[PDB]
Amino acid sequence: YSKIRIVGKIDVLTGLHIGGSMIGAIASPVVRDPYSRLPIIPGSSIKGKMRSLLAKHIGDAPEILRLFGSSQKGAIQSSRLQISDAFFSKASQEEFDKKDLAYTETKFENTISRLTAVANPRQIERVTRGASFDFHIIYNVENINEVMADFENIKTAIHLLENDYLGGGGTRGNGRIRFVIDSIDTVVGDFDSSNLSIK
Amino acid sequence: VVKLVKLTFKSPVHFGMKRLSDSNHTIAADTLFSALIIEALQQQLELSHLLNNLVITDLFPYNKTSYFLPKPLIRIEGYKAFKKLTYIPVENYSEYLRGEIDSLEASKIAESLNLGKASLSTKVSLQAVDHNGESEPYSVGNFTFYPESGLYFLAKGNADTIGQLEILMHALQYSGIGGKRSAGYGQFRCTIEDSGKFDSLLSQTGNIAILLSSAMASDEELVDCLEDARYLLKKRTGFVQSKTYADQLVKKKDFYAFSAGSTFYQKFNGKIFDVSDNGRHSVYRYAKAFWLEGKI
Amino acid sequence: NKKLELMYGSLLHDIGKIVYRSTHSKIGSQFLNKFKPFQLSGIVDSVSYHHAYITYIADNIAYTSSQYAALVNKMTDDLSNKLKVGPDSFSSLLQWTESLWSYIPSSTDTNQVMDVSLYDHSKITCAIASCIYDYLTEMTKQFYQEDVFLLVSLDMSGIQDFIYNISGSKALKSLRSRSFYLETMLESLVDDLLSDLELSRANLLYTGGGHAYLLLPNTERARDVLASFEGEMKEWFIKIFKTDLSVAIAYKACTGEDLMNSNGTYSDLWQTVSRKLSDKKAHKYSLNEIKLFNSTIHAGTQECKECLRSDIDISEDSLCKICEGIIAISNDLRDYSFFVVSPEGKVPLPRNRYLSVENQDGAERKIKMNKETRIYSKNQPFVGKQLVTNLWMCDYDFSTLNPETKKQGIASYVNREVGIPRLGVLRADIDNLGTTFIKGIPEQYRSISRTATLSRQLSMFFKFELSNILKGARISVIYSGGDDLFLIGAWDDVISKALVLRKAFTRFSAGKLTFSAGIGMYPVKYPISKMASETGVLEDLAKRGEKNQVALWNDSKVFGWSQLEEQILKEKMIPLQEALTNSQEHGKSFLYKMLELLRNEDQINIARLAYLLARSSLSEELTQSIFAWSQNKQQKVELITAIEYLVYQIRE
Ligand SMILES: Nc1ncnc2c1ncn2[C@@H]1O[C@H](COP(=O)(O)NP(=O)(O)OP(=O)(O)O)[C@@H](O)[C@H]1O
Ligand SMILES: Nc1ncnc2c1ncn2[C@@H]1O[C@H](COP(=O)(O)NP(=O)(O)OP(=O)(O)O)[C@@H](O)[C@H]1O
Ligand SMILES: [Mg+2]
Ligand SMILES: [Mg+2]
């Protein structure tokens with residue numbers, strides 16, 4: 001058995017509202033670390049977006065189920081991609097502590113109704129552009145024969161995700177991200193993953 | 001040889017006890033042992049050492065200052081403060097056994113636990129919007145440990161078993177522990193080292209024995225170990241997590257085991273209970289006993 | 001029927017005082033002789049000698065004239081018409097005594113405090129007489145020194161977990177019927193124990209939330225009955241709820257002097273009983289039961305969503321029999337009045353019986369179908385009905401006042417023409433009530449009648465009086481349970497009725513009791529389980545402080561009752577409202593600007609506020625008061641809360 005660790009950064013190109021109170025306050029606060037209060041990216045959001053993109057490109061498919069797990073009758077497969085939560089990076093913490101920059105921002109938005117032409121204010125918290133999240137992925141090499149293919153699939157997903165959005169109102173210009181794959185280092189087993197690249 | 005294994009958690013953990021919306025801050029010894037069995041099966045190792053000779057405790061909190069232990073269930077000579085109290089630091093353990101801890105000290109100990117903060121993250125499922133219908137929102141309860149805190153446990157066994165446990169824990173660092181370990185939770189880093197304070201504490205003979213792991217004895221040991229002893233029967237259940245058990249996920253046979261901290265005047269060596277029912281492989285449940293002796 | 005006559009005499013031994021207020025023993029004698037059924041030897045002998053032997057020893061161990069005359073006339077009418085002598089008719093008599101003599105003092109025109117009511121003293125005397133008679137059937141100062149009594153306390157384990165084993169699919173119904181079914185099951189346990197011991201409800205000292213205290217004779221037959229009842233109920237609770245619910249029952253044998261607070265052993269006796277109960281709750285199981293637990297055979301394919309159990313047969317819609325019965329009886333418990341413990345019904349109950357809520361016609365039909373069918377009347381002081389015991393319940397729902405509103409449920413509370421459409425949830429309880437029971441009364445004034453009076457008054461206020469308290473407000477009491485209160489309704493009405501509840505609770509018990517509450521705001525579509533959990537954490541934070549607090553909304557708004565009623569909603573909210581409605585130029589945007597200024601922690605904002613107040617066209621007095629409030633920290637958060645409340649009330 002082998003497990004391949006993919007570390008890197010998730011550079012935010014447009015304010016990411018990964019979602020997840022009082023009047024006149026942020027109606028939809030992003031998720032935060034409970035103690036540090038730093039905004040984070042739930043690994044479930046990454047896993048869901050990548051699974052959706054890979055499924056749309058591929059098209060229940062065996063590749064999607066073998067990568068992202070399946071509980072279906074008969075075909076019980078352990079998910080190979082364990083995508084941990086992406087936490088705020090220390091470097092972005094320092095870059096935002098300088099220039100007294102808030103870690104997040106509160107975009108004010110509205111919605112002109114098609115009937116009365118009235119607007120509805122909406123204070124969406126978004127992680128401010130230029131914020132980097134230290135994402136973390138583990139790949140489970142259940143079978144040595146289909147590693148490369150799955151990595152190709154992963155690359156496709158990541159490519160799609162860099163042209164699509166992450167969680168939030170992405171079609172309205174939220175959460176565009178760029179993966180900076182710092183390394184792909186095998187942590188469990190003797191499998192060699194130097195020739196595999198996510199991007 | 002007893003090895004202290006401290007886990008520092010990089011990401012919030014689920015650690016469910018009966019559902020998904022809750023988040024216990026620890027797991028029993030049976031959960032950790034099942035995780036070790038799953039790991040030893042994935043790593044193609046041999047399960048003989050985990051089954052025949054390995055005694056582990058529950059996961060217990062530990063702060064920057066003190067290592068915590070379960071509060072022993074002993075008679076008290078106010079009462080609500082002691083009832084709310086759950087964990088006692090190692091330094092204040094022998095004092096608690098002798099009853100020198102008053103209600104104010106017990107309350108201060110209960111407030112001194114800085115293990116972490118429990119939160120509830122609401123998630124969604126979009127697997128129905130693509131075909132037809134709506135999104136299904138659910139919620140996962142997580143528990144984020146404070147930066148200097150962690151969850152520790154103790155392992156006892158042969159040198160070979162200790163090495164195999166080190167390998168399995170190294171794999172578990174990235175496999176994850178607790179529920180939702182594939183959706184971002186449960187990632188941790190483990191450190192295995194010789195324990196000095198714990199070695200002195202466990203090499204202590206007392207009039208009573210305290211369980212440090214969720215355990216239960218067979219018929220022959222239970223007929224003698226139930227003499228005027230205080231305990232807490234916890235209901236250990238759950239579905240089976242495997243690929244080679246059944247076409248659809250199948251629940252285990254319900255189990256009931258003494259909770260950690262239960263006090264027994266007679267020490268019993270537990271056994272691993274097979275809770276499988278109509279499956280291709282026996283689903284083990286760890287119920288061996290890790291005893292710490294004390295005076296009251 | 002010597003025992004029945006003795007208990008009739010013991011309960012009605014001090015009626016002579018009542019007829020005198022309109023030796024009292026003789027007056028009670030002829031007054032009992034005025035009615036043909038009440039002419040048996042035991043009653044008259046007890047009334048005469050209480051000033052038989054047993055009644056005298058039990059009594060030893062235990063305004064305007066127009067009102068007294070009217071009560072005497074009513075008592076005469078009830079005795080002649082509705083009350084008869086005979087087995088199973090005693091419960092009606094005891095209900096009558098509880099309903100009438102509660103306001104009449106037991107002892108009057110005495111320098112000692114008249115804090116013991118006639119009902120309390122008569123009931124205690126009847127209980128002591130029953131115990132003494134039972135011991136003598138088993139076979140003066142030496143009699144007091146003799147051990148003649150058992151104090152029995154039975155407590156329910158895991159009530160809170162059982163209430164909140166709800167999956168959230170039908171959380172409201174589950175919570176309500178689970179609480180009702182738990183308290184009813186406790187009452188059924190008490191009644192079964194009393195019927196086993198051949199004792200009336202007078203021997204049951206009192207029941208709180210999942211806790212019951214009652215005194216019994218020291219007879220070996222009583223001890224064997226207690227052991228058999230403990231074993232049978234433990235087995236039944238294991239069968240129907242494996243470790244989900246339990247009852248632990250412990251007893252301590254005491255002498256006569258212990259009850260009358262002689263030698264100061266009353267508190268020590270109760271502490272010993274509590275310690276024995278704690279030990280029995282710690283052990284809680286036996287070898288055979290553990291082996292039965294660990295000898296499961298089949299895993300079970302499917303499980304109930306709420307109950308989360310597989311061995312019990314599961315319905316098609318994923319609900320076990322017990323859970324399904326709870327959900328089904330949830331609506332009946334509020335729709336009808338009578339509770340029937342019959343051979344067949346809707347929810348399980350010990351001794352192979354079933355609880356079902358029916359009307360009076362259903363109760364009488366189930367009585368006629370088979371005897372040994374218990375009936376409980378809910379919130380009705382009439383005592384003419386037979387085989388009925390009054391079980392208090394706070395079943396107040398504003399939705400049931402209309403059929404369509406009943407169909408809608410709590411979703412009708414958020415139907416508001418004005419104001420923000422949200423739902424308020426209130427979780428309350430009393431601070432240090434156990435301390436009030438143990439050490440609240442001074443050692444000089446300790447007595448069993450005293451504690452019984454306090455517990456009866458507390459239960460009455462929590463269940464019967466709470467319905468009167470919330471009348472006129474859109475509140476659905478999810479459960480008054482024991483001392484804690486879970487309530488859900490409109491946010492405005494929830495908060496207003498919480499304040500009114502605090503004021504009424506201060507008026508009651510002479511303001512020596514305090515209760516902490518938490519109020520939470522959630523949308524209508526919000527899951528009930530999350531509402532309950534979050535309001536519970538709010539109340540936990542409120543009680544974390546010192547004595548009474550109200551953790552309104554966000555944890556940063558931990559207030560006090562006087563502070564919330566006056567410093568927030570009175571001195572600040574009302575001026576803001578009157579300024580808003582009176583002014584023709586300013587509206588909600590001005591309030592939002594003030595709120596934005598106040599929320600900001602930077603000092604310069606205060607100055608900015610001043611500038612706004614300069615061109616606000618507001619009254620000068622209100623301007624200066626707002627400035628003063630914004631300067632001070634506590635008054636700043638008070639004004640923030642007042643502004644938020646006004647904005648919520650003025651939304652839409
Ligand atoms: N039927 C009920 N429904 C809801 N709340 C109740 C009910 N009865 C009592 N309560 C109150 O709700 C709480 C739940 O009772 P619990 O039984 O959960 N507490 P406790 O008796 O101390 O547990 P054990 O040490 O016996 O195992 C009580 O403590 C009361 O505050
Ligand atoms: N309706 C009731 N009337 C009288 N006693 C009750 C009632 N319901 C419950 N009880 C009892 O009243 C006690 C209330 O206990 P609590 O759970 O409220 N804790 P308490 O001692 O009051 O201190 P705090 O932490 O709340 O400040 C219960 O433990 C029961 O013993
Ligand atoms: Mg309380
Ligand atoms: Mg309470």
# chains A, B, ... in the order shown; residues from 1 in each chain; ligands from 1
call {"tool": "residues_near_ligand", "arguments": {"ligand": "ligand 3", "cutoff": "10 Å", "atoms": "only C-alpha atoms and all ligand atoms", "output": "JSON, numbers by chain"}}
result
{"C": [428, 429, 430, 431, 432, 433, 434, 482, 483, 484, 485, 513, 514, 515, 516, 517, 543]}
call {"tool": "write_last_selection", "arguments": {"atoms": "N, CA and C atoms", "output": "compact mmCIF listing (two decimals), in the first residue's frame"}}
result
# COMPACT_ATOMS: atom_id res chain seq x y z
N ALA C 428 -35.08 27.39 29.95
CA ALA C 428 -34.95 27.98 31.27
C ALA C 428 -34.83 26.89 32.32
N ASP C 429 -34.32 27.27 33.49
CA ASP C 429 -34.32 26.38 34.66
C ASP C 429 -34.01 27.23 35.88
N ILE C 430 -34.09 26.61 37.06
CA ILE C 430 -33.91 27.32 38.33
C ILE C 430 -32.48 27.15 38.81
N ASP C 431 -31.93 28.22 39.38
CA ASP C 431 -30.57 28.24 39.90
C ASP C 431 -30.57 27.76 41.35
N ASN C 432 -29.85 26.67 41.60
CA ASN C 432 -29.62 26.15 42.94
C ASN C 432 -30.93 25.77 43.63
N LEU C 433 -31.78 25.00 42.92
CA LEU C 433 -33.00 24.52 43.55
C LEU C 433 -32.71 23.41 44.54
N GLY C 434 -31.75 22.53 44.23
CA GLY C 434 -31.33 21.54 45.20
C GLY C 434 -30.80 22.18 46.47
N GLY C 482 -39.51 18.92 34.30
CA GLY C 482 -39.40 19.03 35.74
C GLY C 482 -39.34 20.48 36.17
N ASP C 483 -38.13 20.96 36.47
CA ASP C 483 -37.92 22.38 36.73
C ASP C 483 -37.54 23.16 35.48
N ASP C 484 -36.89 22.52 34.51
CA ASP C 484 -36.51 23.20 33.28
C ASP C 484 -37.74 23.39 32.40
N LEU C 485 -37.69 24.41 31.56
CA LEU C 485 -38.79 24.76 30.67
C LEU C 485 -38.24 24.96 29.27
N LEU C 513 -36.17 32.65 45.30
CA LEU C 513 -35.78 31.70 44.27
C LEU C 513 -35.47 32.45 42.98
N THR C 514 -34.44 31.99 42.28
CA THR C 514 -34.00 32.62 41.04
C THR C 514 -33.92 31.57 39.94
N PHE C 515 -34.16 32.00 38.71
CA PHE C 515 -34.07 31.09 37.58
C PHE C 515 -33.36 31.77 36.42
N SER C 516 -32.50 31.01 35.75
CA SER C 516 -31.74 31.48 34.60
C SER C 516 -32.35 30.93 33.31
N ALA C 517 -32.39 31.77 32.28
CA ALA C 517 -33.02 31.44 31.02
C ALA C 517 -32.14 31.86 29.86
N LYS C 543 -26.23 30.67 32.91
CA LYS C 543 -26.04 30.12 34.24
C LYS C 543 -24.58 30.02 34.63
call {"tool": "select_by_dssp", "arguments": {"residues": "segment 123-223 of chain C", "states": "strand (DSSP E)", "output": "PyMOL selection string"}}
result
chain C and resi 147-157+204-207+211-217
call {"tool": "atom_distance", "arguments": {"atom1": "atom CA of residue 98 of chain A", "atom2": "atom CA of residue 15 of chain A"}}
result
18.9 Å
call {"tool": "closest_residue", "arguments": {"among": "B:184, B:82, B:171, B:65", "to": "ligand 1", "atoms": "only C-alpha atoms and all ligand atoms"}}
result
B:82
call {"tool": "interface_residues", "arguments": {"of": "chain A", "to": "chain B", "cutoff": "7 Å", "atoms": "only C-alpha atoms", "output": "ChimeraX atom specification"}}
result
/A:1,20,34-35,42-44,73-74,76-77,79,82-85,188
call {"tool": "write_last_selection", "arguments": {"atoms": "N, CA and C atoms", "output": "short mmCIF file (atom, residue, chain, number, x, y, z; two decimals), in the first residue's frame"}}
result
data_model
loop_
_atom_site.label_atom_id
_atom_site.label_comp_id
_atom_site.auth_asym_id
_atom_site.auth_seq_id
_atom_site.Cartn_x
_atom_site.Cartn_y
_atom_site.Cartn_z
N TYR A 1 0.83 -1.20 0.00
CA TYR A 1 0.00 0.00 0.00
C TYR A 1 0.86 1.24 0.00
N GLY A 20 -20.95 28.55 4.70
CA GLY A 20 -21.01 27.70 5.87
C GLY A 20 -21.66 28.37 7.06
N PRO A 34 -12.35 27.19 14.58
CA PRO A 34 -13.09 27.58 15.79
C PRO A 34 -12.27 28.40 16.78
N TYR A 35 -10.98 28.10 16.91
CA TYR A 35 -10.13 28.82 17.85
C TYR A 35 -9.43 30.01 17.19
N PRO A 42 -13.09 24.22 3.58
CA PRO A 42 -13.42 22.83 3.93
C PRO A 42 -12.99 21.89 2.82
N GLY A 43 -12.27 20.83 3.20
CA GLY A 43 -11.84 19.84 2.23
C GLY A 43 -12.99 19.17 1.51
N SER A 44 -14.18 19.19 2.12
CA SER A 44 -15.36 18.67 1.45
C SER A 44 -15.73 19.53 0.24
N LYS A 73 -24.44 -0.35 -3.58
CA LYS A 73 -24.58 -1.77 -3.32
C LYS A 73 -23.65 -2.57 -4.22
N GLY A 74 -22.93 -3.52 -3.63
CA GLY A 74 -22.00 -4.34 -4.38
C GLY A 74 -20.66 -3.67 -4.59
N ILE A 76 -18.43 -1.39 -3.34
CA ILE A 76 -17.97 -0.62 -2.19
C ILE A 76 -16.49 -0.33 -2.41
N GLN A 77 -16.15 0.94 -2.59
CA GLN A 77 -14.78 1.35 -2.86
C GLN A 77 -14.37 2.43 -1.87
N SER A 79 -12.51 5.68 -0.85
CA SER A 79 -12.08 6.87 -1.56
C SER A 79 -10.56 7.00 -1.50
N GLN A 82 -8.09 11.92 -0.15
CA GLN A 82 -8.41 12.51 1.14
C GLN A 82 -7.93 13.95 1.10
N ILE A 83 -8.85 14.88 0.89
CA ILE A 83 -8.53 16.28 0.70
C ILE A 83 -8.80 16.99 2.02
N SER A 84 -7.73 17.28 2.76
CA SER A 84 -7.89 17.92 4.06
C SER A 84 -8.29 19.38 3.88
N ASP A 85 -8.77 19.98 4.97
CA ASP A 85 -9.14 21.39 4.94
C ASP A 85 -7.92 22.24 4.64
N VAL A 188 3.71 7.24 2.36
CA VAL A 188 3.55 5.86 2.79
C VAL A 188 3.89 4.95 1.62
#
call {"tool": "closest_atom_pairs", "arguments": {"of": "chain A", "to": "chain C", "cutoff": "10 Å", "atoms": "only C-alpha atoms", "output": "CSV"}}
result
residue,atom,partner,partner_atom,distance
A:21,CA,C:554,CA,7.8
A:22,CA,C:644,CA,7.5
A:23,CA,C:644,CA,6.4
A:24,CA,C:592,CA,7.1
A:25,CA,C:596,CA,9.1
call {"tool": "closest_residue", "arguments": {"among": "B:106, B:51, B:20, B:292", "to": "chain C", "atoms": "only C-alpha atoms"}}
result
B:20
call {"tool": "atom_distance", "arguments": {"atom1": "atom 28 (C, counted along the ligand's line) of ligand 1", "atom2": "atom CA of residue 210 of chain C"}}
result
6.8 Å
call {"tool": "atom_distance", "arguments": {"atom1": "atom CA of residue 299 of chain C", "atom2": "atom CA of residue 236 of chain C"}}
result
21.9 Å
call {"tool": "interface_residues", "arguments": {"of": "chain C", "to": "chain B", "cutoff": "7 Å", "atoms": "only C-alpha atoms", "output": "ChimeraX atom specification"}}
result
/C:282-283,287,293-294,296,298-301
call {"tool": "write_last_selection", "arguments": {"atoms": "N, CA and C atoms", "output": "PDB file, in the first residue's frame"}}
result
ATOM      1  N   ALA C 282     -24.725   4.146  40.695  1.00  0.00           N
ATOM      2  CA  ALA C 282     -23.384   3.862  40.199  1.00  0.00           C
ATOM      3  C   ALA C 282     -23.255   2.411  39.758  1.00  0.00           C
ATOM      4  N   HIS C 283     -23.723   1.467  40.579  1.00  0.00           N
ATOM      5  CA  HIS C 283     -23.628   0.063  40.173  1.00  0.00           C
ATOM      6  C   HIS C 283     -24.599  -0.244  39.036  1.00  0.00           C
ATOM      7  N   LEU C 287     -24.929  -9.174  36.960  1.00  0.00           N
ATOM      8  CA  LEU C 287     -24.203 -10.051  36.046  1.00  0.00           C
ATOM      9  C   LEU C 287     -25.117 -10.581  34.949  1.00  0.00           C
ATOM     10  N   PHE C 293     -27.124  -8.522  27.814  1.00  0.00           N
ATOM     11  CA  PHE C 293     -26.748  -7.444  26.906  1.00  0.00           C
ATOM     12  C   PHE C 293     -25.745  -7.918  25.866  1.00  0.00           C
ATOM     13  N   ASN C 294     -24.751  -8.695  26.286  1.00  0.00           N
ATOM     14  CA  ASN C 294     -23.667  -9.095  25.397  1.00  0.00           C
ATOM     15  C   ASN C 294     -23.935 -10.397  24.652  1.00  0.00           C
ATOM     16  N   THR C 296     -26.239 -10.891  22.160  1.00  0.00           N
ATOM     17  CA  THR C 296     -27.050 -10.647  20.977  1.00  0.00           C
ATOM     18  C   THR C 296     -26.766 -11.700  19.910  1.00  0.00           C
ATOM     19  N   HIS C 298     -28.697 -11.611  16.295  1.00  0.00           N
ATOM     20  CA  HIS C 298     -28.807 -11.008  14.973  1.00  0.00           C
ATOM     21  C   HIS C 298     -28.482  -9.522  15.030  1.00  0.00           C
ATOM     22  N   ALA C 299     -27.739  -9.054  14.026  1.00  0.00           N
ATOM     23  CA  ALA C 299     -27.294  -7.665  14.011  1.00  0.00           C
ATOM     24  C   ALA C 299     -28.446  -6.706  13.744  1.00  0.00           C
ATOM     25  N   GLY C 300     -29.381  -7.094  12.885  1.00  0.00           N
ATOM     26  CA  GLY C 300     -30.468  -6.209  12.520  1.00  0.00           C
ATOM     27  C   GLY C 300     -30.162  -5.418  11.266  1.00  0.00           C
ATOM     28  N   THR C 301     -30.990  -5.582  10.234  1.00  0.00           N
ATOM     29  CA  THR C 301     -30.714  -4.938   8.953  1.00  0.00           C
ATOM     30  C   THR C 301     -30.921  -3.430   9.029  1.00  0.00           C
TER      31      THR C 301
END
call {"tool": "select_by_dssp", "arguments": {"residues": "segment 5-181 of chain A", "states": "alpha helix (DSSP H)", "output": "PyMOL selection string"}}
result
chain A and resi 43-58+62-68+90-97+147-163
call {"tool": "write_last_selection", "arguments": {"atoms": "N, CA and C atoms", "output": "short mmCIF file (atom, residue, chain, number, x, y, z; two decimals), in the first residue's frame"}}
result
data_model
loop_
_atom_site.label_atom_id
_atom_site.label_comp_id
_atom_site.auth_asym_id
_atom_site.auth_seq_id
_atom_site.Cartn_x
_atom_site.Cartn_y
_atom_site.Cartn_z
N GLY A 43 -12.27 20.83 3.20
CA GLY A 43 -11.84 19.84 2.23
C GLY A 43 -12.99 19.17 1.51
N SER A 44 -14.18 19.19 2.12
CA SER A 44 -15.36 18.67 1.45
C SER A 44 -15.73 19.53 0.24
N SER A 45 -15.53 20.85 0.32
CA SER A 45 -15.80 21.70 -0.84
C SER A 45 -14.87 21.37 -1.99
N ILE A 46 -13.57 21.21 -1.71
CA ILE A 46 -12.62 20.84 -2.75
C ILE A 46 -12.99 19.49 -3.35
N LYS A 47 -13.27 18.51 -2.49
CA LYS A 47 -13.58 17.17 -2.98
C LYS A 47 -14.85 17.18 -3.83
N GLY A 48 -15.87 17.92 -3.40
CA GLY A 48 -17.09 17.99 -4.17
C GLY A 48 -16.92 18.68 -5.51
N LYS A 49 -16.20 19.81 -5.53
CA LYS A 49 -16.00 20.51 -6.79
C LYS A 49 -15.18 19.67 -7.76
N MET A 50 -14.10 19.04 -7.27
CA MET A 50 -13.29 18.20 -8.15
C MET A 50 -14.08 17.00 -8.65
N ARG A 51 -14.88 16.37 -7.79
CA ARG A 51 -15.70 15.24 -8.23
C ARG A 51 -16.71 15.69 -9.28
N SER A 52 -17.35 16.84 -9.07
CA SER A 52 -18.32 17.34 -10.04
C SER A 52 -17.67 17.61 -11.39
N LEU A 53 -16.52 18.28 -11.38
CA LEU A 53 -15.85 18.62 -12.63
C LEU A 53 -15.37 17.37 -13.36
N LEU A 54 -14.78 16.42 -12.62
CA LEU A 54 -14.32 15.19 -13.24
C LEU A 54 -15.50 14.40 -13.81
N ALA A 55 -16.63 14.40 -13.11
CA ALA A 55 -17.81 13.70 -13.62
C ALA A 55 -18.33 14.35 -14.89
N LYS A 56 -18.38 15.69 -14.93
CA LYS A 56 -18.87 16.37 -16.13
C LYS A 56 -17.95 16.12 -17.31
N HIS A 57 -16.64 16.16 -17.09
CA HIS A 57 -15.70 15.89 -18.18
C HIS A 57 -15.81 14.45 -18.65
N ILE A 58 -15.87 13.50 -17.71
CA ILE A 58 -15.92 12.09 -18.07
C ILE A 58 -17.20 11.76 -18.83
N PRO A 62 -16.90 4.67 -13.17
CA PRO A 62 -15.94 3.97 -12.31
C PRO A 62 -14.78 4.83 -11.86
N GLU A 63 -14.33 5.77 -12.69
CA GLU A 63 -13.22 6.63 -12.31
C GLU A 63 -13.60 7.54 -11.15
N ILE A 64 -14.76 8.19 -11.24
CA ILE A 64 -15.20 9.08 -10.17
C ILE A 64 -15.39 8.29 -8.88
N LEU A 65 -16.01 7.12 -8.97
CA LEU A 65 -16.28 6.33 -7.77
C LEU A 65 -14.99 5.81 -7.15
N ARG A 66 -14.03 5.39 -7.97
CA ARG A 66 -12.78 4.87 -7.42
C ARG A 66 -11.92 5.98 -6.83
N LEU A 67 -12.03 7.20 -7.35
CA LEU A 67 -11.25 8.29 -6.77
C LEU A 67 -11.91 8.84 -5.51
N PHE A 68 -13.22 9.08 -5.56
CA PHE A 68 -13.93 9.78 -4.50
C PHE A 68 -14.88 8.88 -3.72
N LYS A 90 0.68 30.92 6.89
CA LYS A 90 1.37 31.89 7.74
C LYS A 90 1.87 33.08 6.92
N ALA A 91 2.33 32.82 5.70
CA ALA A 91 2.82 33.91 4.85
C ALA A 91 1.72 34.91 4.55
N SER A 92 0.52 34.43 4.22
CA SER A 92 -0.60 35.34 4.01
C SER A 92 -1.01 36.03 5.30
N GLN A 93 -0.88 35.34 6.44
CA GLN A 93 -1.15 35.99 7.72
C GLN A 93 -0.24 37.19 7.92
N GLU A 94 1.05 37.03 7.63
CA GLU A 94 1.98 38.15 7.77
C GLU A 94 1.69 39.25 6.75
N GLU A 95 1.43 38.86 5.50
CA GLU A 95 1.18 39.85 4.45
C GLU A 95 -0.09 40.65 4.72
N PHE A 96 -1.05 40.06 5.43
CA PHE A 96 -2.27 40.78 5.78
C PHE A 96 -2.14 41.53 7.10
N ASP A 97 -1.32 41.04 8.02
CA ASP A 97 -1.04 41.79 9.24
C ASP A 97 -0.31 43.09 8.92
N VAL A 147 -2.49 4.00 -11.20
CA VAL A 147 -2.05 5.25 -10.59
C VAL A 147 -2.05 6.37 -11.62
N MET A 148 -1.22 6.22 -12.66
CA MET A 148 -1.01 7.28 -13.63
C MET A 148 -2.33 7.78 -14.19
N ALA A 149 -3.19 6.87 -14.64
CA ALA A 149 -4.49 7.26 -15.16
C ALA A 149 -5.23 8.15 -14.18
N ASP A 150 -5.34 7.70 -12.92
CA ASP A 150 -6.03 8.52 -11.93
C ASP A 150 -5.37 9.88 -11.79
N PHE A 151 -4.04 9.92 -11.77
CA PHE A 151 -3.37 11.21 -11.71
C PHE A 151 -3.75 12.08 -12.90
N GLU A 152 -3.78 11.51 -14.10
CA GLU A 152 -4.29 12.25 -15.25
C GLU A 152 -5.66 12.82 -14.94
N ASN A 153 -6.56 11.98 -14.44
CA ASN A 153 -7.89 12.45 -14.07
C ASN A 153 -7.79 13.59 -13.08
N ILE A 154 -6.95 13.43 -12.04
CA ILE A 154 -6.78 14.49 -11.06
C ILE A 154 -6.38 15.77 -11.77
N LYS A 155 -5.38 15.68 -12.65
CA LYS A 155 -4.94 16.85 -13.39
C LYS A 155 -6.10 17.49 -14.11
N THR A 156 -6.89 16.68 -14.83
CA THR A 156 -8.05 17.22 -15.51
C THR A 156 -8.92 17.99 -14.53
N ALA A 157 -9.28 17.36 -13.41
CA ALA A 157 -10.10 18.03 -12.42
C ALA A 157 -9.48 19.36 -12.02
N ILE A 158 -8.20 19.35 -11.67
CA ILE A 158 -7.55 20.57 -11.22
C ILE A 158 -7.59 21.62 -12.32
N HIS A 159 -7.28 21.21 -13.55
CA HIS A 159 -7.35 22.14 -14.67
C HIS A 159 -8.74 22.74 -14.75
N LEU A 160 -9.77 21.90 -14.68
CA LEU A 160 -11.13 22.41 -14.73
C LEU A 160 -11.37 23.38 -13.59
N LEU A 161 -10.88 23.04 -12.40
CA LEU A 161 -11.14 23.88 -11.24
C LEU A 161 -10.45 25.23 -11.38
N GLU A 162 -9.37 25.30 -12.16
CA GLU A 162 -8.70 26.58 -12.33
C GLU A 162 -9.40 27.45 -13.35
N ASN A 163 -10.30 26.86 -14.14
CA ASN A 163 -11.15 27.65 -15.03
C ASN A 163 -12.55 27.82 -14.48
#
call {"tool": "residues_around", "arguments": {"residues": "residue 183 of chain A", "least_positions_apart": "3", "cutoff": "9 Å", "atoms": "only C-alpha atoms", "output": "MDAnalysis selection string"}}
result
chainID A and resid 5:8 180 197
call {"tool": "residues_around", "arguments": {"residues": "segment 45-62 of chain C", "least_positions_apart": "5", "cutoff": "8 Å", "atoms": "only C-alpha atoms", "output": "list in words"}}
result
residues 6, 9, 10, 12, 13, 14, 16, 23, 25, 26, 28, 29, 121, 124, 125, 126, 128, 129, 132, 133, 256, 257, 259 and 260 of chain C
